[PDB]
Each structure stands twice: as structure tokens, then as C-alpha cells.
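Asker:
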Amino acid sequence: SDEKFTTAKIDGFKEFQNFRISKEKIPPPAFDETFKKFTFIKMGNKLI
Amino acid sequence: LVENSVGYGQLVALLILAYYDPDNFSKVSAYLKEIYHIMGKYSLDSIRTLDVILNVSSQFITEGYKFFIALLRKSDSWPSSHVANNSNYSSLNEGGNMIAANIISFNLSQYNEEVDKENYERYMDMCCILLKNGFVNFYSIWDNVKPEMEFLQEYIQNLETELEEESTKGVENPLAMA
Amino acid sequence: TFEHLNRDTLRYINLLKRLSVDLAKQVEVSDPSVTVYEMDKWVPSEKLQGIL
Amino acid sequence: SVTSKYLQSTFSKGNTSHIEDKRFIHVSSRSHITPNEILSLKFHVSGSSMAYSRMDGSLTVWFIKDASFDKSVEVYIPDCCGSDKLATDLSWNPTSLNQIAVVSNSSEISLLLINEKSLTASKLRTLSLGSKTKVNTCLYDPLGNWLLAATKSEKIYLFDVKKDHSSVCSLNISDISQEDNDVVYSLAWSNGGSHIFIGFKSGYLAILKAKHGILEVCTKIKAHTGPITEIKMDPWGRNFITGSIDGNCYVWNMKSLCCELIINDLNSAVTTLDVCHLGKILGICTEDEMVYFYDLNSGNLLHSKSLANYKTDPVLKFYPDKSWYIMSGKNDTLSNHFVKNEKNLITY
Amino acid sequence: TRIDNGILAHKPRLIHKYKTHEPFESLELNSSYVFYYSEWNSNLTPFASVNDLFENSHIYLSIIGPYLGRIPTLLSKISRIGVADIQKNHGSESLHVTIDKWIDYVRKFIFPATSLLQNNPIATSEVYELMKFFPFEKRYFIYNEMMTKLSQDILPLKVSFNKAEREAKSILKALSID
Amino acid sequence: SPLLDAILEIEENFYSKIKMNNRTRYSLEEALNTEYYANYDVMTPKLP
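Residue numbers (the entry's author numbering), protein chains in the order written: chain P, 481 to 528; chain H, 175 to 352; chain G, 106 to 157; chain C, 22 to 53, 61 to 376; chain Z, 472 to 649; chain F, 289 to 336.
Here's what the structure looks like:
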């Protein structure tokens, strides 16, 4: 860790210049809570 | 570390003591006062000393996590008026201690040498513990670890195409071929 | 005096969990139901505990 | 990988002794014939005795005192349980150190106390039931508290061994199966007599409660698609292993009763199976004259062999007090196995 | 059990407990390993009624997706819960309501999963032991929809179907009297 | 050189005392039970 911190200081601590702090407002997600419907074809396919 | 050797020496030695103490749990305050006395005497930094605590703590995290969390909970490097939640969709990115976030997001992207590949597990586990008691908010860690979202999406498209092809077309497993 | 007191404190704390020496742990359990024993929940007899 | 090396060493040039029985010297004299059989072979609990019964009618019992059967006495006895009738199953009565229960596909259960000073096996008692009833399997609760006797159809009896084998209860198999013409194929006790596990032929598996001496049907699950051959239990008491004839070997979790691990390299029927006293290695004897040794925790093959058309029907059994196993040889002759310097796996 | 001085003596087996970082417990031949962070399940509350099972299926299972098949035991547990729930009210008049609701559930969450399995009969046996309670029209509906619309237009299902089909043809070319 | 020599000799004496205590205790507790077969690998300290 000391070696890594030395080589990071060498470049002038540029590795901490970029940090990307998020600023969005996170909304509560929506979950589909419904089941699909069934067609008119009682059996599987038209022929049967 | 090499700049004020004596200084860090004392600190890290003291830290080992705390994890080898049977009554360490009821002497949190004495340890915090000792660490402040030391950090004062030889003018250690706050950033580097937080890192030194994190490393030799993660080294004992398994069966030290109780005392570790109590220690950080009582030290003034703990965000007390804007504590992160990490358990509510509307607050996954608000609050925390952004300096600890910087140091952690840094130490989590070093997997190039050979020595850290064997401690990445314990370090990730310590961060995962800290990341649910509100020490740092999640997105502040997510947005800053190594693989960028674009490279992830590229790897994803490659895996999707390769999988779909190997599924639909298929591949002949050579039994006695050639 | 302060230096002696610091060094003695480290020895005492070291000498508790780290350099402690403990009992043999011979085990015999009366209940027939107990078919598996933890081997860490073994404790010494109450009479011996008072003497210790 | 320690276990693989251990098993390889157990299959080496040395570390193996021929069990010198009547059939062994017979083959030695006639080779240097039609092999009768080995109907059954079952240890004592304390790992210091062994018993088995060929098809001729004679049951041999050894008092293990040596590794390679050097100083092991042998009480050979002629065709017990009648001259016409031969033994089919025996239980070793974990209560005492000498008693034995033996059944001969008849309505009579023979309790004999084997003596070691002489070579005399003296009939101690005979138990009888309905005249038509033809029981063929006997079992002992691993605490020596209940005895079970089962028919190929329409009879199951439980005696209380403590109170001089007073007939405690019975049950009609048709009440347990409720299917078309089922024939119980294999039974087994739970660790500590509390439940009886029964495997029918139609595929079903039933769990009966035998807590206070009154049988009752707890549950029935459609385990397999063919007849169930063997049912074994883990010694630690966390899972029970089921092996079938359809080529499957499953291990069911004990607390929840749901499949947890499956053996998939198998492609043939199972004739028997056994698991070591440490609950670590699982030995499968399939029907293509081949044995396999799997690992219980992971479920991947760790050793294979080949019987090579010698003694078509094989037998396997792991010691209850050491990591050794008796396995059949060439012509219905037993073949011990050991390492001679490792009593248990842990010592290795 | 051991024979000492010519008498039987029973003893219990002795094991010890170790703490590791692997999540799943085990017992390696003398000692039992456990996950160290023994209060990881503090933030979660188990279900109290099958209605809660629906309400939380809509969150966890809709995420795990067609990959539920990677854990067979969950299929068995949910299917046995369904069987017992249908059996509990065989007498009552509202049975057809529960039957319709479990029909929808098995259509949307379980059957796509069981379509992914690999040479594991017993799990399918359980799912069918639950399915046995429906009108056969509905079973044919589910089977045909799975055949026509969900094999295509979903990647991992398509991969598994193609693998199974190629394997079936490969075996069919090698059937003999010998 | 001699400084490090002496200090490492002392640390050796230290760990020797620890290991002697633990080994004697384990041998006794092993020979005192039926099928204990203690695990000599782990040596982390534990409160008596």
C-alpha cells in the first residue's frame, strides 16, 4: 500500500481528481404485480 | 508510511493490541483517546491514518468485526449528521463519509500486483460490512470501482452474441476428429 | 514510573488471552439424548470452579 | 485429494488379505464349480464381529481380533434353521454382545446365542406367527429397543425387545402401499429408533412412525420410477441415501425431505451401496459388474474399478469402527482391504 | 459404541466449530464450518402467509427469472407449499379460486424454470405432482405456449432447448438391440 | 547484523513457549478421549 501511494503521489494525486459524485434523485421502483391473461383458444392451438 | 516511521509504527502496533485484548470491548474510549494523542504528537494525516486503520482491521475482520464496528462508531470519523441509509430506494446515494468513500473506492481497484490478490476477499468483506451500517452510501462506491459501465456493456454484448451463436448453430465436439 | 507502568500493562494484557494456559477438557455426558458434543461448551465441575 | 490417495493405497499390491473361509479353501483345492451365493453379511455394532450366510445353508461368524484374520477365531456351523430351509437375513442385536436373530423365509424367527469358547451355536429361542405368514427380513433398532420383521406382502410385525419380545404391533402392507401389487424390497431404521423407512417395488417410499409401539403412516413420496434396491443413512444424521434400479442415486436432506444431490455418471442399475462410518465416501456397486467410489460432500467421482466378471453378484460393507471395507473377490470369496498403518481417515 | 473390559460402553461423537468466509455450511469429516457474520439475516423477516409469498415472489423471482432452475430445491419447496395449500380446503366451496390463482402462478414463475433443468427427474416429478390438480385444458395451454412463444424470444430457454434437442438426436442415432 | 540476530532469537523463544504450551495441552486432551484426534493446525488464541 505504501508503494502504491508513493507512485500515486508521483503523478500529483491525479487518481483522486476524478470522483463522479452522482446528483440524480432516485425514485422508488415499480414492480409489475399482474399476471397475463388467457386467450379464447381453450386448448393449445387452433387445430386441437 | 516512510515519512514519519516512528509515528505509524506506534499506531499500527497499538491497533494489533486492540484485537488481542479480551476486554477490548469495554475500553473503546481509552483506545480512541490513545489514537488521538498519538496522531497529535507526530503530525500524522487523517486520510492515511484512516487507511492504516482499515487495512490492519480488515486483517482481523473475521471475529473482530464487533469491536471494529464499535470503534468506528465512536470515532469522529463517522458521519453522524448525514448518515447513509442503504436500505431505502430513495436514498441509495445520499449521505456518508466521502473521504472514506475515496479511500475505499481506491483500494478496491488494485488487483494488479500478486500480494493483494489474496487479500481482496477480506477487504471486500470489510467494505460490505461497512456498506450496510450507513458508513458510506452505495452508489458512491458503485460509480467509482474499476470496470466502467461501458466496458461492462461491451463484455455483455460479446457474451450475448457468443452464447446465441453457440446455441442456435451449435458446435461439433471432436471425439476422434483429426 | 510511567514507563514501568506502561510495560507492565502490556505484559498483563498479553498474558490474558494470548499466553493463557487452560484445562485438559476430559468429557463425559450423562444425558443419553446428547449424541453429538460441541467440545467447546465443555466446562469444569462446579466444585472445582469455586476453588479456581 | 487425500481420500483419493487413501483409496488408491487400499487397492495396492499389499494391504489386502483373503478371508480364509470354507469356500476359499474349496476353490484353492479345486483350482490349484457353481458358486452358491452370499445371502447376507452384517457386522456387529462395535466393529469386533462379523456374520454372513451362503446359499448352502451354513452361516459363518468371525470374531475379529487381527487385521489379516490371523488370530480371528471362526465358529463354522452347518445348515441352521432347519435342514431344508436356509437363512436369508440376520440382525446382531445391539443390546447384548452375542445374541443373533435369523430368518429363513419361513414362519419361524430363530434367536441364537453364539459362543466363542467352543464352536457351539445354541438355539436360544424360536418365535412363531400365523401359519401362512412368510417373513424374510429382520431388523433391530440401533438402540436395541424394537425389532422389525417383514414379509414380501401383507404383514409387518414389531416386537418390543425389552419385555421378552412381546408382540407389540402389526400392520397390513396393503394399508401402507395402496397401489397395485406392491412388494417391499428394502427396509431401514433411522438413527435412533423413531421412524422406519420402507421402499416398495412400484417406486414409492414410505416413512412410518414407530414412537411408542404403534405403527402409523406419516408420509409417502414418489421417489423413483423403478424398484428401490437399497436405503442407507448417514452416520452424522443429516441426509439419507436412496439407490434404485432405474440408474439413479439420490441423497435426501433429512430435515426438509427434499432432493439435494444426485449421482449422474451412473448409467446402470444399482445392486447395493454403503457409506463409511465418517459419512465421507459413498460406494456404489452397479449391475454391470463395476464399483464406484464417490464423495458425499461434492458429488464427483473419485475412484473407479472393475469386477471383471468375477462373482457376478458383489457385496460391499464399510467397517463401523475403522475405514476398512470387506469386498467380494473372484469366486464368492471375501477380500478384506486396509492400509495397515491408518486406523481412520483423520490419522491419515 | 466400544467394548471395554467385556462390557458395552456408549459415547457421543465430539466435533468442533470453525468460522470461515464461505457462505454454505458443511461438515468436513471431523469439524463443522459456518459463516462468520452470524447476523446477516437481521434485516429480513420470513413470510407469515402464502399471500406474502406471492407479494415477494413478484420481486425476487421476477428478478432471478428463468434461472430459478439453477437451484432445484426451491422448485420442490414451492410446489409442496402449493400442494398442501390446495389440499387444506378440499371441502370448501372456494376451491376453484385457489386453483385459478395457483394456475397463474405456476404459469408465470415455475414452469419456465423447470424447462431449464438438466437430467434431474425428481424436481419435474414434484412440479407435475402439483400440476395434477388442474383441468387438462390448462396443462395443454401451458405446454403449448411454452413450446411456441417462450422457447424462442428468450435466450437461456432457447439455449437449453437447443442443447436438449441436439442431445436427443445424438442419442437417437445410436439405439441398437445390443 | 547482531541487533537483528538477538531480536529474532528472542522472538523465537517467545513463539517456542506458546507452541510448547499448546502442543502439550493438545496431546493430553487427545490421549484422554475416545476419538478426539485434535487439529494441530489452528493456533489462534482463545480465552480459557
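All C-beta atoms, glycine included, are put in the ideal place defined by N, C-alpha and C.
#1: Any beta carbon of chain Z sitting closer than 8 Å to that of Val148 of chain G?
#2: Leaving out the 5 sequence neighbours to the left and right, which residues in its chain are closer than 7 Å to residue 138 of chain H when beta-carbon positions are compared?
#3: Under 7 Å between beta-carbons, which chain P residues line up against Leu266 of chain H? List them in chain order, please.
#4: Could you round the C-beta distance between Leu171 of chain C and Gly221 of chain C to whole angstroms and report it? I think they count as a contact, below 8 Å.
#5: For the structure I just gave you, are there three or more beta carbon pairs, one from the region 574-590 of chain Z and one from the region 230-243 of chain C, closer than 8 Å?
#6: Cβ closer than 7 Å: which chain H residues qualify as neighbours of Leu121 of chain G?
#7: Do residue 412 of chain C and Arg82 of chain C have their C-beta atoms within less than 8 Å of each other?
#8: Run the CB neighbour count on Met323 of chain H, radius 10 Å, all protein chains shown included, and call it buried at 16 or more, exposed below.
#9: Let me know the secondary structure DSSP gives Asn281 of chain H once reduced to three states.
#10: How would you list, in chain order, the residues of chain F whose beta-carbon sits under 7 Å from the beta-carbon of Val132 of chain G?
#11: What three-state label does DSSP hand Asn369 of chain C in the structure shown?
#12: What residues in the region 497-508 of chain Z bring their beta carbon closer than 8 Å to a beta carbon of chain D?
#13: Establish whether the CB of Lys503 of chain P and some CB of chain Z are separated by less than 8 Å.
#14: On the three-state DSSP scale, how would you describe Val89 of chain C?
#15: Hey, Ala297 of chain C and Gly275 of chain C: beta-carbon distance below 8 Å or not?
#16: As a quick exercise: from C:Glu41, C:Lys113 and C:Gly311, pick the residue whose alpha carbon is nearest that of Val103 of chain C.
#17: What are the complete alpha helix (DSSP H) segments, minimum 4 residues, inside the region 272-338 of chain H?
#18: List, in order along the chain, the chain F residues whose C-beta lies closer than 8 Å to that of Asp127 of chain G?
#19: Please check the pair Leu218 of chain H and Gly181 of chain H, which I expect to be a contact at CB under 8 Å, by giving their CB distance rounded to whole angstroms.
#20: Using a cut-off of 7 Å between C-beta atoms, extract the partners of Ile593 of chain Z located in chain G.
#21: Can you list the residues of chain P that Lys579 of chain Z reaches, using a CB-CB cut of under 8 Å?
#22: For the beta strand (DSSP E) that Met282 of chain C lies in, which residues bound it at each end?
#23: In whole angstroms, what separates the C-alpha of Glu317 of chain C from that of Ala238 of chain C?
#24: Quick one: does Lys490 of chain Z have its CB under 8 Å from some CB of chain H?
#25: Counting only the same chain and skipping the five closest in sequence on each side, list residues whose C-beta sits under 6 Å from that of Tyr27 of chain C.
#26: Mind checking which residues open and close the alpha helix (DSSP H) that includes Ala594 of chain Z?
#27: I want to verify the contact list: residues of chain G whose CB lies under 9 Å from the CB of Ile298 of chain F, in sequence order.
#28: Please list the residues of the region 329-348 of chain H that have a C-beta atom closer than 8 Å to any C-beta atom in chain P, keeping them in chain order.
#29: Taking all protein chains shown into account, decide if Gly158 of chain C is buried (16 or more other Cβ within 10 angstroms of its Cβ) or exposed.
#30: Do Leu175 of chain C and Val189 of chain C have their CB atoms nearer than 8 Å?
#31: Unbroken alpha helix (DSSP H) runs of length 4 or more, entirely within the region 481-517 of chain P: which are they?
#32: Do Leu215 of chain C and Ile226 of chain C have their beta-carbon atoms positioned less than 8 Å apart in this structure?
#33: For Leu191 of chain H, which residues in chain P fall below 7 Å Cβ to Cβ?
#34: Within the continuous alpha helix (DSSP H) that includes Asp203 of chain C, where are the two ends?
#35: In chain Z, what lies closer than 8 Å to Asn327 of chain F by C-beta?
#36: Among residues of its own chain, excluding the 5 on either side of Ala488 of chain P, which ones have a beta-carbon nearer than 6 Å to its beta-carbon?
Answerer: By the coordinates alone:
#1: Taking the third sequence and counting its residues from 1, the one referred to as residue 148 of chain G is at position 43. Cβ-Cβ to chain Z under 8 Å: no for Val148 of chain G.
#2: There is no way to answer for residue 138 of chain H, as the model of chain H reaches only from 175 to 352.
#3: The sequence position of residue 266 of chain H within the second sequence is 92, counting from 1. Within chain P, the residues near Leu266 of chain H are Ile506.
#4: To locate residue 171 of chain C, count along the fourth sequence from 1; it is residue 143. To locate residue 221 of chain C, count along the fourth sequence from 1; it is residue 193. At roughly 6 Å, the Cβ-Cβ gap stays under 8 Å, so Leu171 of chain C and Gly221 of chain C are in contact.
#5: no
#6: Along the third sequence, one-based indexing puts residue 121 of chain G at 16. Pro196, listed in chain order.
#7: The displayed coordinates of chain C run from 22 to 376. Any statement about residue 412 of chain C would go beyond what the structure contains.
#8: Locating residue 323 of chain H in the second sequence gives position 149, counting from the first residue. So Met323 of chain H ends up on the exposed side.
#9: The residue given as residue 281 of chain H occupies position 107 in the second sequence. Looking at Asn281 of chain H - three-state DSSP - the assignment turns out to be helix.
#10: As a position in the third sequence, residue 132 of chain G is number 27, starting the count at 1. What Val132 of chain G touches in chain F: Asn321.
#11: Here the question's residue 369 of chain C lines up with position 341 in the fourth sequence. Residue state, collapsed to three classes: coil.
#12: Considering every chain present, this structure includes no chain D. Its protein chains are P, H, G, C, Z and F.
#13: The residue you call residue 503 of chain P lines up with position 23 of the first sequence. Answer no: the Cβ-Cβ gap between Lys503 of chain P and chain Z never drops below 8 Å.
#14: Counted from its first residue, the fourth sequence places residue 89 of chain C at position 61. Of the three classes helix, strand and coil, the one that applies to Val89 of chain C here is strand, per DSSP.
#15: Reading the fourth sequence from its first residue, position 269 is the one you call residue 297 of chain C. Reading the fourth sequence from its first residue, position 247 is the one you call residue 275 of chain C. Yes, Cβ-Cβ distance for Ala297 of chain C and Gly275 of chain C is below 8 Å.
#16: Counting from 1 along the fourth sequence, the entry for residue 103 of chain C is found at position 75. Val103 of chain C has its Cα closest to that of C:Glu41, out of C:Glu41, C:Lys113 and C:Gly311.
#17: 272-281, 294-304 and 313-316
#18: In the third sequence, counting from the first residue as 1, residue 127 of chain G sits at position 22. Within 8 Å Cβ-Cβ: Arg313 and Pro336.
#19: Translated into the one-based positions of the second sequence, residue 218 of chain H becomes position 44. Translated into the one-based positions of the second sequence, residue 181 of chain H becomes position 7. Yes, they are in contact, since the Cβ atoms of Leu218 of chain H and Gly181 of chain H sit about 5 Å apart, within 8 Å.
#20: Numbered from its first residue, the fifth sequence carries residue 593 of chain Z at position 122. In chain order: nothing, as chain G lies at least about 29 Å away.
#21: Along the fifth sequence, one-based indexing puts residue 579 of chain Z at 108. Ordered by position in chain P, the residues that pass the 8 Å Cβ test against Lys579 of chain Z are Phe515 and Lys516.
#22: Along the fourth sequence, one-based indexing puts residue 282 of chain C at 254. Per DSSP, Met282 of chain C belongs to no beta strand (DSSP E) and is neither H nor E.
#23: One-based indexing of the fourth sequence puts residue 317 of chain C at position 289. One-based indexing of the fourth sequence puts residue 238 of chain C at position 210. In a straight line, the C-alpha of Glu317 of chain C is about 37 Å away from that of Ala238 of chain C.
#24: The count along the fifth sequence starts at 1 and reaches residue 490 of chain Z at position 19. Closer than 8 Å to some Cβ of chain H, the Cβ of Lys490 of chain Z qualifies, so yes.
#25: Stepping through the fourth sequence from its first residue, residue 27 of chain C is reached at position 6. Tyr376, listed in sequence order.
#26: Looking up residue 594 of chain Z in the fifth sequence gives position 123. It spans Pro592 to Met602 - the alpha helix (DSSP H) in which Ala594 of chain Z sits, taken as one unbroken run.
#27: As a first step, residue 298 of chain F is located in the sixth sequence; it is residue number 10 there, counting from the start. Ordered by position in chain G, no residue passes the 9 Å Cβ test against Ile298 of chain F, which lies about 14 Å from the chain.
#28: none
#29: In the fourth sequence, counting from the first residue as 1, residue 158 of chain C sits at position 130. Exposed, because fewer than 16 other Cβ atoms sit within 10 Å of the Cβ of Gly158 of chain C.
#30: Indexing the fourth sequence from 1 puts residue 175 of chain C at position 147. Indexing the fourth sequence from 1 puts residue 189 of chain C at position 161. Closer than 8 Å, so yes.
#31: 482-490
#32: As a working mapping, residue 226 of chain C is identified with position 198 in the fourth sequence. As a working mapping, residue 215 of chain C is identified with position 187 in the fourth sequence. Yes, Cβ-Cβ distance for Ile226 of chain C and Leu215 of chain C is below 8 Å.
#33: Taking the second sequence and counting its residues from 1, the one referred to as residue 191 of chain H is at position 17. In chain order: nothing, as chain P lies at least about 21 Å away.
#34: Position 175 of the fourth sequence, counted from the start, is the residue given in the question as residue 203 of chain C. Its alpha helix (DSSP H) spans residues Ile201 to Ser205.
#35: By one-based count along the sixth sequence, residue 327 of chain F stands at place 39. Result: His487, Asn501 and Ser502.
#36: The residue given as residue 488 of chain P occupies position 8 in the first sequence. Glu495, listed in sequence order.
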